[PDB]
Amino acid sequence: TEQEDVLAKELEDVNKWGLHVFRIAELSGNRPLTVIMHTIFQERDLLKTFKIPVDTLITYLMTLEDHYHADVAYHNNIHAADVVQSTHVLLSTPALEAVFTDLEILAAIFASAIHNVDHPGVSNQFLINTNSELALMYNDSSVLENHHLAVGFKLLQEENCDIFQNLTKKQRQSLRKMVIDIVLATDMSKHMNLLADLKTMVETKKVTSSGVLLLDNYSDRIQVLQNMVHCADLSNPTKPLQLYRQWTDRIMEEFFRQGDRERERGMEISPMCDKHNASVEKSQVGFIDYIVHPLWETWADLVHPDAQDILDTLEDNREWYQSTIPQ
Amino acid sequence: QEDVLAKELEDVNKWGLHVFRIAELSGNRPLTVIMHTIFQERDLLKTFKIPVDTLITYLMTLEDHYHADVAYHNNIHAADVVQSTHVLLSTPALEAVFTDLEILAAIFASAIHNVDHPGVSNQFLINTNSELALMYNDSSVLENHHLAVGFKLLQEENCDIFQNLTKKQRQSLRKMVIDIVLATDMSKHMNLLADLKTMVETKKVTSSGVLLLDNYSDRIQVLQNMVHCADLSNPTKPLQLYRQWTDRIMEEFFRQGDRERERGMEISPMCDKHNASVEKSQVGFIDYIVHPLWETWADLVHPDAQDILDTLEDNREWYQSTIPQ
Ligand SMILES: Nc1ncnc2c1ncn2[C@@H]1O[C@@H]2COP(=O)(O)O[C@H]2[C@H]1O
Ligand SMILES: Nc1ncnc2c1ncn2[C@@H]1O[C@@H]2COP(=O)(O)O[C@H]2[C@H]1O
Ligand SMILES: [Zn+2]
Ligand SMILES: [Zn+2]
């Protein structure tokens, strides 16, 4: 019964990188997305700011969480909760103080919460190559991302689920656009272009009298939020090793299952999905070297020196995985 | 009747085909009869081993999904865009520039480009928080839907007209069609035209004046513009046809405006029947959209599009003359 006290204790670390999200998932009876989102909304006073009825928020969150699949090892409600909490921490970085409006903050967090809802455990390419109904619906482009958005928004229409019921028409319109822009940017096929623009921004960065980042147009503002959520989505390798390894174990299980389906169909097996020819350690070093570090090193420069500890952890984790290779 | 229809279809290769007459003489099956005629004309059934019964079955099914109660965006418009693309594909300057598969894609794309159109615009669907807009995240809403429906119908009993195409040919065709239809989104017109101009400025042709394309990027770009031109070809057709198209689109527009007014929404351009100037609208449409596009296409295939451009300018002059004062 006092399990509630332990859960409440763990939630006290909501503003910290390295939150025990798996512990929270268990303590909450598999409701990590609901309790973490609720905690963050309270912390940021979002219910008051946007006049969100608490029962409406909880009802929508439970419904949203219900639409993530419990039988998918990585792309589930725990991942959603993790991305939400990570985005929440990134939004609080000193270099971004007073930069974003409450609506933009709300957009980034909501986008993080719905960014992978109803994920089937297989990639866009798998869905395209197998002529899936989802790929048919979305014409082979940002198939899953479009779906995550459609489901996330559609659920707002369920009984007592419209958490944005008291926003003005203009606020709702702006929020919807920002959320779409953010989730569509999580498509890995857009990673290189997204990173290229972030690098350009860092190279031409301008700060205010306080040293805080200066963003004076939608293009730049949405770009930072897109990269912020993308960094959160790719934050596993930057977390304490015990968390990172659990995430890796989970994604490998999901990858291997996709590989088994591809093999059975006579399809070429996707990278990292062949359990018979796998090099988990080498794959993590590659993932960090070619994707995660290039991105995070750039984000760290944008908010320097705010993310130095996060970058240090990432580099330590890369060294650790690399050390398991010299055989 | 079947004799009259057969005779009208004899001009399938001519700009200005009596598409409305064909729609009447075919029991409102202009898309099916015109697509079939074009496929036979290009020997596409034998080339891609397309069972006649399969093609007809798919075509009738596709045509059935265009709304007969929508004045403009219906099966007649689809048939007209298909026939217009078919003629533009026979442009001397583009002779032998495209493969049979690419030709099949351009024509297929034209046939399905507006399927299941509800009679209202993307902006209307977005502003009314429609299910379509919810599904497609306010991004090229109708275009995405037209493609989804067009492809899904191929899965109906005896409707897979691409059944005998190789796995790669099917993948290639699907990609080209998506690329083409998404390009019909008017919100992409200015960028599409801008890039067309760029192509014209650096174009390269043979001694005989045949256009030289170097890769898929070039070939698909020309195809996107070709179909876009076909979609915006009404003002370049014989006046009798152009006026019928205008009457039809205005009716569709006014009906949308009535819905916007009732909902308390801002009425879209040309949709307010109480403050409408049809003639002035046509002149503006030609001056800012249609002429700039066709003048550019004309240069690309110079001088094969001169007659089309001449007709457009004649129609512009006529519509302007219907404006008093
Ligand atoms: N721990 C991880 N190890 C390897 N690849 C990962 C890991 N976390 C995320 N990814 C990859 O990063 C991608 C981010 O977007 P997706 O969820 O589409 O797919 C994810 C994987 O391809
Ligand atoms: N005859 C016409 N008169 C006015 N506008 C037209 C005419 N034909 C096409 N259009 C416009 O061109 C657009 C082409 O794409 P849409 O069908 O989305 O919407 C069409 C109209 O906005
Ligand atoms: Zn994710
Ligand atoms: Zn059209």
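Residue numbering for chain A follows Swiss-Prot, covering 388-714 in order.
Determined via X-ray crystallography, 1.6 Å.
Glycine is no exception: its Cβ is also placed from the backbone N, Cα and C atoms.
DSSP assigns A:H462 (3',5'-cyclic AMP binding site) to coil in the three-state reduction, placing it in neither a helix nor a strand. Sequence-distant contacts of A:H462 (3',5'-cyclic AMP binding site), defined by Cβ-Cβ distance under 8 angstroms and a gap of at least six in the same chain, are A:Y455, A:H456, A:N503, A:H506, A:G508, A:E641. According to Swiss-Prot, the feature 3',5'-cyclic AMP binding site maps to A:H462, A:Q671, A:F674.
According to Swiss-Prot, the feature active site, proton donor maps to A:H462, an assignment based on similarity to another entry.
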Record lists A:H462, A:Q671, A:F674 as binding 3',5'-cyclic AMP; longest Cα-Cα distance in Å? 18
What residues, ordered by sequence, lie under 8 A Cβ-to-Cβ from A:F674 (3',5'-cyclic AMP binding site) and sit at least six positions away in the same chain? A:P624
Across all chains shown, how many C-beta atoms besides its own are within 10 angstroms of the C-beta of A:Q671 (3',5'-cyclic AMP binding site)? 26
